[PDB]
> 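Provided herewith is a single structure, encoded as structure tokens, for subsequent inquiry.
Letters A, B, ... mirror the listed sequences (proteins, then strands); counts begin at 1. Note that these values count all heavy atoms, side chains included, but never hydrogens, waters or copies made by symmetry.
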Amino acid sequence: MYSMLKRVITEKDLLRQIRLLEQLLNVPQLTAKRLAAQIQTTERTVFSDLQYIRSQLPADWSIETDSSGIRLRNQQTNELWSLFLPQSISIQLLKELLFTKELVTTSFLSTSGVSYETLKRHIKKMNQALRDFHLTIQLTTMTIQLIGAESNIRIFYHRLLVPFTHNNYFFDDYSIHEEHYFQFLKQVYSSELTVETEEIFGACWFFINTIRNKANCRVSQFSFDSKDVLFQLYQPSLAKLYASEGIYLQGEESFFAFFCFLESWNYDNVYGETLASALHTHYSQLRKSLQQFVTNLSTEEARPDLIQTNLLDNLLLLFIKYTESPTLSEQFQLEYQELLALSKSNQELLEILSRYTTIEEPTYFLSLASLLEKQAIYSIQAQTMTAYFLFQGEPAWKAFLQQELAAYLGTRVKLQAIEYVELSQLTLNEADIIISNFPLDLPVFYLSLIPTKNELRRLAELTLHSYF
Amino acid sequence: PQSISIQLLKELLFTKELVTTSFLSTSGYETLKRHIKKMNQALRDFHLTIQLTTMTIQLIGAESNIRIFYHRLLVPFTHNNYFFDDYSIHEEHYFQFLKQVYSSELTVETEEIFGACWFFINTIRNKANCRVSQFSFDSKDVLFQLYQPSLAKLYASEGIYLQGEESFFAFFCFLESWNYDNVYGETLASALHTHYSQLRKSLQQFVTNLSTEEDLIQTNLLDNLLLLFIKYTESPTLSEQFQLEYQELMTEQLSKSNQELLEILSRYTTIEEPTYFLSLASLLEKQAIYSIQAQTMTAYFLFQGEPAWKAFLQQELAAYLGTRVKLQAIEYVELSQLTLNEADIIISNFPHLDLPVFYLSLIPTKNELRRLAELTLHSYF
């Protein structure tokens, strides 16, 4: 979330205060002094932290404190983060290691204000969270450096800084650089290679790749195919984007930049005609195997509608992303928290992915496979619950109430009006319920004649196994 | 059981006049005058009142309003033996009556327990010699004729012969239990078409003229209004008195148009103080309009994170939020260029302070799914 940030701040008081700050931007209610539960500390410290914060807010911010509680008000949000984050040594150190491969230790001790042994002690802590990304900061009396494969260095920064894509402390004058990414998207969206993408994710990649290129930290050590078709199609417009920062991309950098862009592509996409035809013409082997797979999944769950969903196009794109570079696609999984009947049939997906590529721990991939499958199946499944509806009282109001309830319960809950006589029903499944206003064996949800706010909370709650 | 109140209801439920000493001692005069004048403040809400003399205890006002009050009082108690001695036996009689209707070409959907409870009360009141009078009705009315034989047979099962006014009133209790958005059997439908086609023609002009006055014709408004007009024209007096039952509902939940409705109404029946009719009519319009508005709020959806997750989550949010809510995926770009209305929210997990944002966690908790439902409530109710 900001949780990468949280793992990398080594100063606890400052982390605490960062957690306080987010609290009062995130929740524009009044928060109670009692909030201290949410931050997990004493109210005492909350009050000391607030005063700490107050003493250094820019003029147009304020924190107002009373009986009604605590609240942050302003007469833009990242100006607060730009004030507080650089107060942390570990963030200062990561900011400098993003822009140069190596720092002079004495010169960083000088600007941070700390002793070598103290920095050693912070860097030990930081190295515990970098461990997962396959990185470590080495500290000598001469040099401070970020050791690890350049691809993994960039993925870590991307995870860490994507939320700060509009922050001037990390990306000096970001808006001018983002305008370059916007211009590249316009050209893409206005051509027949148009493709939908996550633009903040894209733009932050553009920023990171530019900065590492200017600091002479180049990527390598991954397989790709120089002659890959999608790569060749997009290479020109990616060359122009990076050209706008005075970057020329050598062979490896150029594929990396393209891979980063590809990772930003959405599912259920709308592809321009040149992209479409390239995907129909140059990936017809993968496609056909996935077609077979989707027909066999549909057959095995007993609903041929599946074949008319986007599952085929989504799975193709998933496989493309993985077979473009297994080294990279694997390493890119670190951007996120890697958190039965499909999983059996997914052994066929797993064997198809041997046929084009090799992969080691496919758990993340299978889980994306599953999300796409599950998604497809839910787009076509009918209703997964029957809200049985027994209502005695004024007929006009029953009919209106019935209609409001069905609409509000959404398109997966069937609301069926029944009579007492008919309720001798062995049509009940672990999921189903009866809604009633009449006292009445069974699981019954009682509604007031005019449903209360409480009744409707609990009612939505009990639909939840039918939705996520 | 020790509610002296109840206890007085019951004797007057099952007995017209009381000897007051009988109650005075059958229970435990001045004390009773106290309980009655407090009772009497609710009674007034039904145009009822209890009267005490030394001689008798007596519920003054129309037998009709008494029975309506009892009905609001007991539809919940319909499967209770304290009020309805062996309800099981009696309800069985109501079920056979429905079958002789439901099997047959007179079928109509109704609220069966509201119906059963009317049958029980009308039985009780007739056997205790409290007759209704004091309304207007046509004995040769075709819907009444149609249902009279099956109703006569329902009451015959309790040993009752329906004396004329009691006949129509039992028919009306039944008619009042009929649902809207109904489906009618062949003989009922044919009656409807043969005796109300002109009225249907006039409500159809009305629905059109109302649909341009602000696409309603896709709704079921027409037939539901026909049914309203059918209930009402059977007895405006009884129609208005039965509104006493749900006073609560209506007094909190298109007025000029409805003058045409009244003028139409006036060609078939009297329209003296047609307050309820006007509230019912408004509630049908409301539901008809409701089903045809489509989207009343927009939830803009800003997501960054794993694209597979984006697509699943967008789908499931959209379904959960329902059809009256537009889930629109936007990029950060368009946030500044949103022209955004009262109801609208921004759902997100990328982070400007003062905005109608609802922050979602990459797997939303039951808890934040509760809150989200809440934000939609003014678009659904």
Side-chain angles (χ1 to χ4, degrees), chain A residues 1 25-26 28 72-74 76-77 162-163 182 198-201 264-268 314 318 335-337 339 368 371-372 374-375 378-379 391-400 403-404 407-412 419-421 438-440 449-451 453 456-457 460-461 463-464 467-468, chain B residues 75-76 79 95 98 111-114 176-181 224 228 245-246 248-249 253 280 283-284 286-287 290-291 303-312 315-316 319-324 331-333 349-354 359 361-364 366 369-370 373-374 376-377 380-381:
Chain A
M1 186 217 296
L25 285 165
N26 209 36
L72 200 84
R73 295 295 197 271
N74 69 256
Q76 167 179 335
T77 200
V162 59
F182 293 145
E198 307 198 338
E199 306 176 347
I200 286 165
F201 177 104
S264 78
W265 292 12
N266 283 106
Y267 296 101
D268 296 314
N314 285 336
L318 163 69
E335 166 81 54
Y336 313 101
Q337 176 59 24
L339 28 101
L368 300 183
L371 290 164
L372 298 178
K374 273 196 277 147
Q375 184 206 339
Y378 300 169
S379 72
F391 202 94
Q392 300 290 315
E394 209 279 315
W397 176 242
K398 163 195 178 289
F400 171 76
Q403 206 175 111
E404 298 188 306
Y408 170 78
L409 260 56
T411 352
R412 313 189 78 75
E419 288 307 311
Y420 193 69
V421 171
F438 168 78
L440 159 178
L449 188 64
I450 298 146
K453 211 126 59 222
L456 299 171
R457 262 160 98 88
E461 171 188 344
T463 69
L464 280 186
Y467 282 105
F468 294 71
Chain B
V75 152
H79 290 215
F95 302 150
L98 294 179
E111 309 193 13
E112 304 186 337
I113 291 182
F114 168 115
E176 281 276 23
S177 70
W178 289 15
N179 289 124
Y180 285 98
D181 301 322
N224 283 340
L228 175 48
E245 203 169 343
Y246 305 113
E248 284 157 6
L249 208 30
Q253 169 53 221
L280 290 176
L283 192 60
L284 299 175
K286 273 202 188 192
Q287 51 192 96
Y290 188 93
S291 73
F303 183 95
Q304 229 81 162
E306 167 52 54
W309 194 226
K310 202 250 224 197
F312 174 81
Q315 171 159 283
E316 294 308 290
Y320 184 62
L321 257 12
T323 40
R324 319 220 332 139
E331 296 288 300
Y332 200 88
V333 162
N349 50 48
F350 268 64
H352 284 289
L353 155 151
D354 239 37
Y359 276 114
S361 90
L362 290 105
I363 306 194
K366 258 154 79 60
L369 285 182
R370 124 207 306 161
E374 295 215 334
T376 70
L377 282 167
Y380 283 99
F381 299 82

> Using ring pair (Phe, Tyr, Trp, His ring centres under 6.0 Å) as the criterion, list what pairs up with A:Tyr420, not counting sequence neighbours.
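Applying ring pair (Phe, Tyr, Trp, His ring centres under 6.0 Å) to A:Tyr420 gives B:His79.
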> Please name all residues satisfying ring pair (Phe, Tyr, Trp, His ring centres under 6.0 Å) with B:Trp309, sequence neighbours left out, ordered by chain then number.
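Only B:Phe312 meet the ring pair (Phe, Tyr, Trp, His ring centres under 6.0 Å) criterion with B:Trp309.
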> Heavy-atom distance under 4.5 Å to chain B: side chain of A:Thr411, backbone, both or neither?
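Answer is both: backbone and side chain atoms of A:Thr411 are under 4.5 Å from chain B.
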> Rounded to the nearest 0.5 Å, what separation is found between the CG atom of A:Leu409 and the OG1 atom of A:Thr463?
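The OG1 atom of A:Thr463 is 6.0 Å from CG of A:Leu409, to the nearest 0.5 Å.
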> Show your working on side-chain contact (heavy atoms from CB on, under 4.5 Å) between A:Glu419 and B:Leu98 and close with a plain yes or no.
CA-CA 12 Å; A:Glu419 288 307 311; B:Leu98 294 179; over 6 Å; no
> Got a second to check how far A:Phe201's CZ is from B:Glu306's CD, nearest 0.5 Å?
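The CZ atom of A:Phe201 sits 8.5 Å away from the CD atom of B:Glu306.
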> Measure B:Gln315 against the heavy atoms of chain A and call it side chain, backbone, both or neither at under 4.5 Å.
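Answer is side chain: those atoms of B:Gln315 sit under 4.5 Å from chain A.
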> Taking side chain as everything from C-beta outward and backbone as N, CA, C, O, which of these in A:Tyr378 sits under 4.5 Å from a heavy atom of chain B? Side chain, backbone, both or neither.
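Both parts, heavy atoms under 4.5 Å.
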> Based on non-hydrogen pairs under 4.5 Å, which of B:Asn179, B:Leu249, B:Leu280, B:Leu353 is most in contact with chain A?
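The option with the most such pairs is B:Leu249.
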> Please state whether the side chain, the backbone, both or neither of B:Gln304 comes within less than 4.5 Å of a heavy atom of chain A.
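When you check distances to chain A, atoms from both the backbone and side chain of B:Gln304 fall under 4.5 Å.
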> First locate atom CG of B:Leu283, then atom CG of B:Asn224, and finally report the distance between them rounded to the nearest 0.5 Å.
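Rounded to the nearest 0.5 Å, the CG-CG separation comes out at 10.5 Å.
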> Please state whether the side chain, the backbone, both or neither of A:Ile200 comes within less than 4.5 Å of a heavy atom of chain B.
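For A:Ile200, the contact with chain B is made by backbone and side chain together.
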> Under 4.5 Å heavy-atom distance to chain B, tell me which part of A:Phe391 shows up: side chain, backbone, both or neither.
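Backbone only.
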> So, taking the atom named CZ in B:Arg370 and the one named CG in A:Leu464, what distance separates them when rounded to the nearest 0.5 Å?
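Here the interatomic distance stands at 9.5 Å.
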> Determine the option with the most heavy-atom pairs under 4.5 angstrom with chain A, choosing from B:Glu248, B:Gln287, B:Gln253.
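Maximum pair count with chain A is reached by B:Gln287.
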> Need one label for B:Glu112: side chain, backbone, both or neither, based on atoms under 4.5 Å from any heavy atom in chain A.
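Both parts, backbone and side chain.
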> Is A:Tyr336 in contact with chain B via its backbone, its side chain, both, or neither, using a 4.5 Å heavy-atom distance?
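For A:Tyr336, the side chain is the part near chain B, not the backbone.
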> Heavy-atom distance under 4.5 Å to chain A: side chain of B:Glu245, backbone, both or neither?
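It is neither, since no heavy atom gets under 4.5 Å.
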> Side chain, backbone, both or neither: which part of B:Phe381 has a non-hydrogen atom closer than 4.5 Å to chain A?
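Both backbone and side chain.
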> Measuring heavy-atom distances to chain A, does B:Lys310 have an atom under 4.5 Å in its side chain, in its backbone, in both, or in neither?
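Side chain only.
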> Among A:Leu318, A:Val421, A:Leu25, A:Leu372, single out the residue with the greatest number of heavy-atom pairs under 4.5 Å to chain B.
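Highest number of heavy-atom pairs under 4.5 Å: A:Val421.
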> Which atoms form the tightest heavy-atom contact between A:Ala407 and B:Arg324, and what is the distance?
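Minimum heavy-atom separation between A:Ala407 and B:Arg324: CB-CG, 4.1 Å.
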> To the nearest 0.5 Å, tell me how far B:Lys286 NZ sits from A:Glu404 CD.
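B:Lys286 atom NZ to A:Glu404 atom CD measures 9.0 Å (nearest 0.5 Å).
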> Shorter than 4.5 Å, heavy atoms on both sides: which option in A:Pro28, A:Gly393, A:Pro163 has the most such pairs with chain B?
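Counting heavy-atom pairs under 4.5 Å, the top option is A:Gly393.
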> Given heavy-atom pairs under 4.5 angstrom as the criterion, report whether the side chain, backbone, both or neither of A:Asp268 touches chain B.
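Side chain only.
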> How close do B:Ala373 and A:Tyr408 get, heavy atom to heavy atom, and via which atoms?
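Closest approach of B:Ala373 to A:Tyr408, heavy atoms only: CB-OH, 3.7 Å.
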> Counting only heavy atoms closer than 4.5 Å, note whether B:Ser291 contacts chain A via side chain, backbone, both or neither.
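Contact with chain A involves both backbone and side-chain atoms of B:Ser291.
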> Checking A:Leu456 against chain B: side chain, backbone, both or neither under 4.5 Å from a heavy atom?
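Interface part for A:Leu456: side chain.
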> Surrounding CD of A:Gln76 (heavy atoms of other residues, nucleotides or ligands, distance under 6.0 Å), is the total greater than 12?
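Enclosed: over 12 neighbouring heavy atoms sit under 6.0 Å from CD of A:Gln76.
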